[PDB]
Amino acid sequence: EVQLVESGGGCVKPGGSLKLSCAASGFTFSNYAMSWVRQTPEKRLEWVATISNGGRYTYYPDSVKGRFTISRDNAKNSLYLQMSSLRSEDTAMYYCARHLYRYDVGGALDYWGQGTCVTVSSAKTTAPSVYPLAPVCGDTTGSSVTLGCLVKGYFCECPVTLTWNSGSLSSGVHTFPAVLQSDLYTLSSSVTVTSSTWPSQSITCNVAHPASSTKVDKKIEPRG
Amino acid sequence: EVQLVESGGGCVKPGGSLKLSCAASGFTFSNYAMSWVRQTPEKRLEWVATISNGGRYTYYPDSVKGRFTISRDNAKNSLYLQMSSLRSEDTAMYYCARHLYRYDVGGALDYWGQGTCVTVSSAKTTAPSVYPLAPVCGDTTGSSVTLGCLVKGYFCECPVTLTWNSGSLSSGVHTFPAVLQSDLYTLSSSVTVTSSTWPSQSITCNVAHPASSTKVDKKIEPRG
Amino acid sequence: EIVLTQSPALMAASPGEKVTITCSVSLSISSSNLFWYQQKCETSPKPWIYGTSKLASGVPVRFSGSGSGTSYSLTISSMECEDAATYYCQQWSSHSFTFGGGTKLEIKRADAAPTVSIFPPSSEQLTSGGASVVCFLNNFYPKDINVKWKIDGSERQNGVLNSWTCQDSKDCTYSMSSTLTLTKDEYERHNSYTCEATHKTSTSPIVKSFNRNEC
Amino acid sequence: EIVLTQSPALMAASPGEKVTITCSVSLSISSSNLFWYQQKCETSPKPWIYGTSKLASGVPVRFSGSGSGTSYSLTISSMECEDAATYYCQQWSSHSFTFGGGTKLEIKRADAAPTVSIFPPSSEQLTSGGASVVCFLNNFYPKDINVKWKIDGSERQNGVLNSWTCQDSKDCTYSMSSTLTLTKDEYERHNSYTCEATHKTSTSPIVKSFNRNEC
Amino acid sequence: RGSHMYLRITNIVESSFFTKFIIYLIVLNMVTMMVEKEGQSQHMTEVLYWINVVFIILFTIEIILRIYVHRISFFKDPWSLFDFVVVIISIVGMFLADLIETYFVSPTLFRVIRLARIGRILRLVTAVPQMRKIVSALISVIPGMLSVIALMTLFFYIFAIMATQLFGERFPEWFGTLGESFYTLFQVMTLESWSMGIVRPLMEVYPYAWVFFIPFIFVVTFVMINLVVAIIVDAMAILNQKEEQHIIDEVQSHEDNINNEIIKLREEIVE
Amino acid sequence: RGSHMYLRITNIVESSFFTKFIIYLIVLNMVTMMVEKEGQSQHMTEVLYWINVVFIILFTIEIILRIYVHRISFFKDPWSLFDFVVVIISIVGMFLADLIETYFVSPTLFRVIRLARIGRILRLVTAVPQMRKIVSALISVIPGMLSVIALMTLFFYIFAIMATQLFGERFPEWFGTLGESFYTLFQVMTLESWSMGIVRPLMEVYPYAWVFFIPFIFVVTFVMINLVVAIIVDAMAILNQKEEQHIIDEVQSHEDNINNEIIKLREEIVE
Amino acid sequence: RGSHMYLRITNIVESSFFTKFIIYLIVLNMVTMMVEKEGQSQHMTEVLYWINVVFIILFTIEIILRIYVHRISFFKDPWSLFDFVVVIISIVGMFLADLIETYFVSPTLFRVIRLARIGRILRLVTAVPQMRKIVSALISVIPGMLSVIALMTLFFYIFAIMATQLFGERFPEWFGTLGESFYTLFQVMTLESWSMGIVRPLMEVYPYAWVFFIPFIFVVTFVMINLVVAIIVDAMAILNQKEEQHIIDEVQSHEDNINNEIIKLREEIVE
Amino acid sequence: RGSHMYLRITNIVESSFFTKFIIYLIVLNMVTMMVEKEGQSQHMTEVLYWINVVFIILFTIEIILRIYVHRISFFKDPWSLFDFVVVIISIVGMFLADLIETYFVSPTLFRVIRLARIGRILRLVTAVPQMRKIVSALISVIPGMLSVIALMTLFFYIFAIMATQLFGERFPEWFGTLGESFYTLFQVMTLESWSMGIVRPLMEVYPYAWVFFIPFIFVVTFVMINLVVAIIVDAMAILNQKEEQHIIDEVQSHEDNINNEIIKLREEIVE
């Protein structure tokens with residue numbers, strides 16, 4: 001497969017500096033021009049840099065000229081975006097993307113990486129308080145039961161991840177977008193399961209917040 | 001990375017037929033000749049097939065001439081070994097391997113895949129009985145405790161896998177080679193951990209035996 | 001340098017409707033240079049049409065694109081739940097990529113009643129000095145729903161928090177969570193809790209509720 | 001078609017010893033056509049020397065190879081625990097690859113006493129109609145060890161089973177498991193169990209043991 | 001009438017008008033063979049059928065006319081002989097190809113019966129006098145090349161034997177058989193990817209492979225140079241032979257002009 | 001004055017001075033067309049505007065002078081006719097291109113109006129006598145090639161039909177249409193990646209594809225060789241024709257020198 | 001008998017029959033060397049052994065006959081000397097190669113003794129008179145090239161020194177030693193992947209690397225052009241020298257025809 | 001002594017012995033410049049220092065001798081002038097390069113002072129009479145090419161302007177500046193990867209890019225052909241001019257032989 005994975009990102013202070021990295025696989029990286037594209041929180045897409053296939057030409061909008069610098073290493077098969085004098089404007093998901101045509105520094109972006117978040121904010125990076133949502137003692141009908149995980153009090157939107165039972169529960173899951181309270185995010189997720197797996201520690205809320213180096217694997221224990 | 005992953009394998013009856021598959025990544029597959037190499041249970045290595053880079057020439061020892069057929073698809077980036085009239089001689093780990101030089105159908109094998117086991121045997125494929133080894137009620141000193149997993153009564157050596165806590169216990173682990181009892185294998189594994197993770201279901205023995213489509217995730221519960 | 005404007009910003013199409021979305025360009029451009037992307041919920045954009053009209057590899061042939069000069073469009077001949085996404089047009093000129101604002105396709109699925117669940121805090125949050133009662137509303141449709149929080153008779157909306165999933169692209173139902181955050185004592189001196197979830201399927205609210213003397 | 005013979009089949013070298021292993025060829029071959037591989041425990045072989053003497057990328061420069069015609073060798077100037085592996089020579093001619101038998105390097109580490117642990121069956125095996133008492137012996141050295149099973153005084157070696165790891169390449173200690181498999185009642189009517197593990201470090205056996213009335 | 005009608009018809013068939021007329025018919029037929037397309041109307045196919053039928057009967061009377069004038073000599077001019085074959089093939093390709101393919105059905109004939117089209121393109125050589133001239137000039141060069149072409153072929157065979165024995169054991173896709181080696185040496189002679197594609201990979205395994213292919217390149221390049229030089233000096237020899245004789249003829253004219261007077265200059269003394 | 005001013009002005013326009021003077025003006029204008037750069041000062045652009053205005057009026061009076069001397073013959077020399085067209089285009093390209101692009105707005109004109117620049121480069125051929133000589137020599141070779149170029153084009157068309165039908169079903173990027181096939185056969189004629197890039201991939205599927213392309217290479221190489229040989233022997237014929245006549249002229253000089261004395265040698269007997 | 005048998009045997013060995021007969025024997029032996037195949041019947045191998053034995057004795061008596069007629073001159077014609085060597089090697093290659101390889105065992109001889117096959121192919125040049133002619137013509141061109149080949153070799157050496165010092169530090173696979181650099185410059189001279197494969201990668205690191213290789217291409221192309229032109233004008237000089245003398249000979253014939261009469265024209269006055 | 005010693009020394013310096021002697025000294029010095037290697041003994045370096053010192057003083061007296069004989073003419077023969085420069089550079093490169101690099105230290109000089117080596121290789125041209133002959137012959141061809149080289153350069157400039165404007169916006173690594181475009185068009189002129197590497201990728205974006213590059217190839221190939229043809233016919237003109245005059249000279253010899261007798265043939269009547 002052609003694959004792109006971005007890395008770096010996370011929280012920075014305004015005026016700060018950060019370097020994004022993109023690793024390319026499954027194609028001749030040196031045959032293609034590469035771009036970085038923002039997606040801002042209102043989901044507007046904005047291209048921020050392009051580099052030619054040999055790295056000798058680079059292009060930017062005036063929103064980021066002189067602040068950003070795109071670069072590549074054709075031997076490492078890696079693409080970089082140096083960012084500097086970062087501003088709250090620069091809070092976005094950043095995608096690494098390959099051009100549709102070889103050597104073409106224009107046209108279209110045929111493959112996009114998963115993205116890395118950047119959160120240019122003054123506010124203090126903080127770890128998620130992760131609380132089990134043990135179900136009500138009540139109808140609890142066992143044929144199905146709703147189970148929940150509460151991921152509270154962290155800051156910066158992402159990188160963040162939540163997963164149920166190491167991903168074996170790749171179904172019945174509904175993860176809700178993070179939303180602010182007072183300056184802090186709350187996230188939650190729901191899973192509905194048959195009692196054939198609950199009550200047990202098999203229902204682990206696997207959650208991570210690398211922006212605060214934080215990971216926990218809290219259990220939705222039976223309530224009593 | 002240059003990577004090779006073999007697939008297929010597992011149990012067959014004598015006289016049976018099986019097709020191994022190897023997927024190539026990280027290099028121009030069509031530039032290289034490819035080989036299959038056996039490793040028999042006494043760890044003797046034996047080359048069994050070679051194919052030229054365009055697939056137009058194939059080579060075999062007289063041990064496998066007419067029984068085996070190497071083939072490749074340069075678009076799928078995949079390598080195949082058809083096997084037929086399989087014999088107990090053919091019980092081995094089979095490695096997919098790339099040649100050191102481009103187009104060279106000889107020389108050396110510079111990258112080897114992980115391998116796939118083939119077990120040509122009459123005996124009945126059977127699932128592993130997986131028993132926890134709960135530690136003795138005794139000294140149990142908690143600063144460390146030895147924990148064990150017993151994987152018993154299965155047949156064919158591999159594909160088989162055992163893992164502790166989904167691989168988070170990538171240390172302190174000692175997995176013992178499978179050894180026969182009466183026509184059936186016994187495997188076991190040891191992990192030694194601080195009580196900071198035990199007693200709890202965090203100590204899961206993750207074990208799988210795809211040759212019997214079997215997987216379980218038994219817990220080393222506290223003994224009483 | 002060249003702005004792309006998309007109309008509408010949101011569209012709510014029935015299954016099986018023909019759908020058309022428009023991209024308008026502030027200057028005439030070559031039809032070879034206008035592109036379309038589909039972005040699903042919280043995944044990267046994927047190319048969808050190359051030039052005005054050549055579908056990308058794997059795009060369902062119910063999609064088509066047409067246009068020239070300053071005006072372009074993408075069409076679905078018969079919308080399916082897997083089409084519910086945001087579609088971006090894009091052009092390239094000079095040395096800049098520019099994108100349209102996107103058009104979000106809502107698919108107006110048939111209704112579903114919310115499966116409503118409710119949760120008192122685990123004592124870990126109480127020992128953290130507070131409480132957050134949570135209510136879940138899974139696989140309802142439409143998105144439009146009222147959630148409504150009463151705490152020993154009185155409403156206490158002062159701390160209500162709401163988050164919706166998108167249309168899940170499995171069957172395009174919506175799922176929601178609701179949370180009321182409270183102090184340590186605003187939990188421990190009150191007993192009965194409810195999210196009075198009322199919905200287009202359910203003018204009688206589901207009133208999923210619990211009492212706090214038992215667990 | 002051409003057989004490669006390797007001598008010795010096993011070698012036990014101290015840390016810091018110069019080590020040399022030989023590959024002998026039944027016919028004269030080009031030194032460009034003789035190769036060496038290192039295989040670690042239950043991983044695929046890795047190339048180690050290209051031609052008689054060119055080290056593979058990443059091979060420690062303490063390795064070297066020399067030879068011509070019918071006789072070739074691989075040398076380590078000073079062995080380390082990460083060198084404990086099986087080394088295969090290989091040639092190619094006609095259109096066949098042939099391999100040597102391999103040479104396993106044991107590294108004669110300093111001693112370590114076995115950390116001995118013992119386990120009665122979990123009741124899941126009892127409900128399976130039988131029992132298997134298990135004994136573990138982790139991070140001992142040398143490999144040579146006696147395990148010895150007594151069951152209410154008498155030995156009952158009739159069902160003893162043993163498996164060793166290789167030298168772990170972390171520090172090159174050995175680890176072992178021992179199991180005595182028993183019938184349902186040969187467990188349930190006996191009380192005291194021991195693996196009398198005696199070792200080169202421990203002429204007094206570790207006699208790790210349990211009683212079966214409590215758990 | 002009779003031989004007087006033959007005298008009349010010859011003065012038509014050998015006319016510059018009839019020569020030009022047939023050239024335009026070929027051009028028009030060639031154009032109609034461009035407008036055909038599988039994706040076309042049935043009525044367009046019907047109209048093109050009638051038009052192509054008109055062409056085949058119109059060239060048929062041309063052949064009959066040319067046979068009637070040239071007779072025994074028609075079936076001896078290779079150009080007229082080619083035009084006859086093409087008319088025969090084009091009749092088969094439109095009134096018996098169905099009767100052939102309906103019995104000797106083969107997926108080759110859907111590709112082989114194209115030959116009726118290709119032959120009618122080649123008539124644009126046979127009809128145009130300037131094209132017959134250039135093609136006969138090109139063909140006349142071939143006999144002079146045969147000894148150097150035979151030499152090059154023998155060198156290729158020698159190198160193909162050696163390259164198969166030297167490199168074919170390990171690079172069979174390039175040298176594993178005599179036919180592999182012939183093809184790869186021809187690629188090397190054209191210098192196409194000769195180093196980056198063939199010889200540098202070979203020298204990963206066969207360090208002195210350069211000692212084979214670089215002398216090979218010199219040999220085949222030198223023979224190709226002398227092949228071209230031979231064609232140049234042959235054509236120049238045809239020229240210089242004329243310049244030479246024209247000077248001799250004028251020297252012998254001057255011989256005549258003077259010596260026929262040196263005859264008179266003695267009988268003029270008899271008075 | 002009048003025809004005496006015309007006699008005066010002719011002796012200027014046809015002078016070696018005026019010829020050389022205009023060459024330097026072209027070189028200086030060509031240099032100024034190198035210093036222009038989108039990224040430059042507005043005042044530099046204004047100065048370059050005035051300088052380019054000076055050039056266009058200065059070449060305009062040159063054209064008017066040349067018309068005033070050569071008159072009816074000016075519009076018949078292709079060189080003077082080209083220089084006139086370039087001046088007209090260069091007036092349009094600086095005082096009406098805005099008036100054009102402001103109404104017939106098209107992103108082609110930002111690329112087509114480059115022609116006013118390219119045309120002023122080509123004046124460096126038209127003005128320099130040595131360059132007119134070499135270009136007319138090159139052009140004079142073209143008529144002799146037309147028959148062999150037509151032959152090569154017809155061979156290409158025949159092979160393009162066949163290659164589309166044989167390989168275009170499975171290699172459409174190379175042979176899927178007649179225009180794809182024409183382009184790929186031209187690549188093969190240049191020998192560019194012909195084996196590693198085209199024919200070896202083809203032989204993965206069509207083992208005998210070499211039976212198509214290797215005979216093609218021989219045909220087009222042989223026609224290219226004979227095309228070049230024809231140009232050589234034509235130019236040599238132009239030489240040898242002169243050597244021939246100069247020898248005949250001296251043979252006829254010797255004819256005169258002797259036979260005018262063989263006349264006398266009989267009247268000298270009358271005494 | 002005696003010298004009369006020698007007179008008889010000469011009239012056989014120098015006959016056109018014997019020349020042609022030996023050519024067919026070479027062709028038949030060359031064909032038999034194509035039918036051999038490692039994968040063949042033992043009885044086919046035995047039959048081919050006897051057939052090849054028949055050939056070697058039959059060519060042996062041919063050599064002895066040619067020695068018997070030409071004697072001291074046989075070992076001085078390079079063609080007869082080559083045929084003798086090939087027969088000697090072909091005796092060794094069938095009745096002593098086993099006795100050699102059984103003692104001086106080496107994996108080279110299984111590849112070197114191929115020379116007995118290759119040598120018998122080359123006899124197809126030596127026997128055919130047209131092939132001796134073309135090969136001696138090609139060889140005769142070589143002395144005239146030696147000075148320009150020496151010049152090209154010296155230029156290559158100079159550039160190989162510089163290219164090793166400039167680029168070999170970072171591109172050792174291409175320039176790291178004088179022999180690497182010689183090979184890469186030869187590739188560049190053939191224009192094979194010269195830009196995409198060598199110089200564009202170099203300019204990733206050494207932006208002005210084009211200032212080295214593009215002047216190199218001009219130099220070696222210019223020397224190659226003049227090498228070929230020299231061969232053309234040498235061959236033309238060989239022609240023109242003959243045309244020249246034939247005209248002089250006829251001028252001297254005309255000198256004879258007239259001046260031998262200008263003698264008479266005075267003694268004819270004595271009457 | 002004095003001018004008699006000069007008469008003695010001239011008969012040495014102009015001798016075939018002294019010419020050959022210096023050639024062998026250059027060959028021996030060139031060989032010593034091959035045995036040097038950074039990885040060598042210190043005593044080997046010392047010995048090579050003394051040997052190279054012997055060479056530089058030995059060529060120094062050669063230069064002084066040649067200056068003493070040829071004097072004012074020495075500094076006017078370009079060959080002697082080159083040899084003088086090389087001796088001066090080779091003195092600097094062994095007794096002042098340290099004094100230079102120890103103050104004007106630069107990592108270029110470790111690469112530039114190689115020039116003292118390269119110059120001493122080139123003396124193998126200057127000393128050998130056959131090499132001076134071939135090099136002066138090659139140089140004499142250059143003036144005749146200048147008009148067609150200038151034409152090709154102007155065409156390249158025109159195409160480089162257009163290719164930058166057409167394709168450089170999206171393929172800047174190939175056409176983004178005039179210097180990129182010049183380099184890529186030169187690659188295309190050499191036909192190196194022209195289609196698979198450049199034009200096929202371009203036609204992914206610019207479908208009609210073939211309309212630029214295929215006419216470009218025709219133009220540059222046609223100009224290259226006529227450049228080579230010009231060199232052929234120039235060299236032939238130098239030949240034919242001699243053949244021509246030699247025939248005229250013999251015609252004028254025959255004019256003399258006859259007309260000097262037609263004079264006598266009238267005074268012979270006076271008796």
Side-chain angles (χ1 to χ4, degrees), chain E residues 237-271, chain F residues 236-271, chain G residues 239-271, chain H residues 236-271:
Chain E
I238 291 167
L239 265 57
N240 279 95
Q241 178 276 315
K242 286 148 194 64
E243 180 176 17
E244 177 189 55
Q245 75 155 104
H246 297 165
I247 293 162
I248 301 313
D249 299 334
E250 267 283 86
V251 168
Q252 294 184 9
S253 164
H254 185 56
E255 182 75 68
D256 191 285
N257 302 330
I258 304 312
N259 221 327
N260 284 323
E261 298 310 314
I262 297 163
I263 290 167
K264 289 185 199 73
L265 283 169
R266 77 202 67 195
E267 54 182 339
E268 289 169 331
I269 308 169
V270 176
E271 172 44 33
Chain F
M236 288 306 310
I238 291 167
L239 265 57
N240 279 94
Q241 179 276 315
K242 286 148 195 64
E243 180 176 17
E244 177 189 55
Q245 75 155 104
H246 297 165
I247 293 162
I248 301 312
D249 299 334
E250 267 283 86
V251 167
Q252 293 184 9
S253 164
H254 185 56
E255 182 75 69
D256 191 285
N257 302 330
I258 304 312
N259 221 327
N260 284 323
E261 298 310 314
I262 297 163
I263 290 167
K264 289 185 199 73
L265 283 169
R266 77 202 67 195
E267 54 182 339
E268 289 169 331
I269 308 169
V270 176
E271 172 44 33
Chain G
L239 265 57
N240 279 94
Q241 179 276 315
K242 286 148 195 64
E243 180 176 16
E244 177 189 55
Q245 75 155 104
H246 297 165
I247 293 162
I248 301 312
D249 299 334
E250 267 284 86
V251 167
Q252 293 184 9
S253 164
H254 185 56
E255 183 75 69
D256 191 285
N257 302 330
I258 304 312
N259 221 327
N260 284 323
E261 298 310 314
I262 297 163
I263 290 167
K264 289 185 199 73
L265 283 169
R266 77 202 67 195
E267 54 182 339
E268 289 169 331
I269 308 169
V270 177
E271 172 44 33
Chain H
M236 289 306 310
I238 291 167
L239 265 57
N240 279 94
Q241 179 276 315
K242 286 148 195 64
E243 180 176 17
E244 177 189 55
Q245 75 155 104
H246 297 165
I247 293 162
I248 302 312
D249 299 334
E250 267 284 86
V251 167
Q252 294 184 9
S253 164
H254 185 56
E255 182 75 69
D256 191 285
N257 302 330
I258 304 312
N259 221 327
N260 284 323
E261 298 310 314
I262 297 163
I263 290 167
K264 289 185 199 73
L265 283 169
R266 77 201 67 195
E267 54 182 339
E268 289 169 331
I269 308 169
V270 176
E271 172 44 33

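Below, chains carry the letters A, B, ... as their sequence lines are ordered, and counting in each starts from 1.
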Have F/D249 and F/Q245 got a donor and an acceptor in their side chains that come within less than 3.5 Å?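 Per modelled atom types, F/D249 and F/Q245 side chains form a pair under 3.5 Å.
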Would you give the length of the straight line joining atom [atom1] of [X] to atom [atom2] of [Y], rounded to the nearest 0.5 angstrom?
{"X": "E/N260", "Y": "E/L265", "atom1": "CG", "atom2": "CG", "value": "11.5 Å"}
{"X": "H/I247", "Y": "G/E243", "atom1": "CD1", "atom2": "CD", "value": "6.5 Å"}
{"X": "H/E268", "Y": "G/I269", "atom1": "CD", "atom2": "CD1", "value": "6.0 Å"}
{"X": "E/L239", "Y": "F/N240", "atom1": "CG", "atom2": "CG", "value": "6.5 Å"}

E/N257: which residues meet the side chain to side chain donor-acceptor pair (under 3.5 Å) condition with it, sequence neighbours left out?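 Once residues adjacent in sequence are excluded, the partners of E/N257 under the side chain to side chain donor-acceptor pair (under 3.5 Å) criterion are E/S253, F/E255.
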Kindly give the heavy-atom pair with the smallest separation between E/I262 and G/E261, and that separation in Å.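 Shortest heavy-atom contact: CG2-CB, 3.5 Å.
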Can you find a heavy atom in the side chain of [X] that is under 4.5 Å from one in the side chain of [Y]?
{"X": "G/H246", "Y": "G/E250", "answer": "no"}
{"X": "H/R266", "Y": "H/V270", "answer": "no"}
{"X": "E/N259", "Y": "G/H254", "answer": "no"}

Can you confirm whether more than 12 heavy atoms, excluding those of F/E271, are under 6.0 Å from its CD atom?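 Atom CD in F/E271 is not crowded, with 12 or fewer foreign heavy atoms closer than 6.0 Å.
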